[PDB]
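Only one chain comes next, encoded as structure tokens, the form solved without adenosine-5'-diphosphate.
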């Protein structure tokens, strides 16, 4: 269904401070933006038009302020823009792409039986996979969203069933997902939102081909977000093959 919307976020007028009042925030957070039409960061969760349900889960978590990563990374994802986020491995990036993912999923029909994931997140390892799943569980459990991990280090039964009972979000390690794809355990026919975390680690672990096989099975018109700690030639190439007119944000020099 070549009919699909990733919107634009519209910054509440309350976010109207165009003067270099922002360069102060960015140079203050070590943020470095490189792209066409790069929106201003959101300083207050409210300036980011999130759904009742989500914003609720935040206060619950007792958050001080939206990190450099989310302050600058939410508006871009909410606008349907592609982007490369370069931050320190381990940083709080999960919630940056996670939340626009939820919003993204909502302006879309429910999940038909047989329909695979909408939002796909590729991680280099099992550590990271669960880590994303534990940051997300709380927001999925707080909405109509089913999430699930899938790595080659646990019983394939729980995973295949999780997918049989259909989830809107899938977090996976390359090789793992691949084995579930060639078998009819699931499919990326419904995926429009692709995230790739710690792709610097993913390339060094020799996952590049499995990754390619995967993305080469996704609507080239999908929204793609990539996160890397380092920006070698290997991540740029990957970025050019996957992304297009993407925003390039930097926080970890």
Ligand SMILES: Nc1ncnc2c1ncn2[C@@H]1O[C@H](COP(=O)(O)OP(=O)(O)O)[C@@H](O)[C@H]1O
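Rigid core: the largest C-alpha set superposing within 1.5 Å between the two forms. Positions refer to the first chain, counted from 1.
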property: Per the entry, higher mean C-alpha B factor between 111-119 and 74-82; result: 111-119
property: Average Cα temperature factor in the PDB entry - higher stretch of 93-101, 149-157; result: 149-157
property: Selection by C-alpha B-factor (highest) of 64, 192, 210, 187; result: 64
property: Among 218, 69, 55, 199 - the residue whose C-alpha B-factor is largest in the record; result: 55
property: Chain-wide C-alpha B factor ranking for residue 38, given as lowest, middle or highest third; result: middle
property: Entry-reported Cα temperature factor of residue 235, expressed as the chain third it lands in; result: middle
property: Relative C-alpha B-factor of residue 243, binned into the chain's lowest, middle or highest third; result: middle
property: Within-chain third of residue 132 by Cα B-factor, per the entry; result: middle
property: Record-listed C-alpha B factor of residue 171: chain third; result: lowest
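This protein has a second form, the form deposited with adenosine-5'-diphosphate bound, left out of what is shown; the following refers to that one.
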item: adenosine-5'-diphosphate overlaid from its position in the bound PDB entry: site open or blocked at 2.4 Å backbone/C-beta; value: blocked
item: One stretch from 144-152, 166-174, 116-124, 88-96 that, in the bound PDB entry, holds residues within 4.5 Å of adenosine-5'-diphosphate by heavy atom; value: 88-96
item: Full three-residue contact with adenosine-5'-diphosphate in the bound PDB entry, heavy atom 4.5 Å, for 45, 63 and 67; value: yes
item: Out of 125, 91, 130, 159, the residue that alone shifts its CA by 2 Å or more between this form and the one not shown when the rigid core is the reference; value: 91
item: Closer or farther in the bound PDB entry: C-alpha pair residue 90, residue 152 (3 angstroms or more); value: farther
item: Pair residue 90/residue 67, Cα separation in the bound PDB entry versus the displayed form, closer or farther by 3 angstroms or more; value: closer
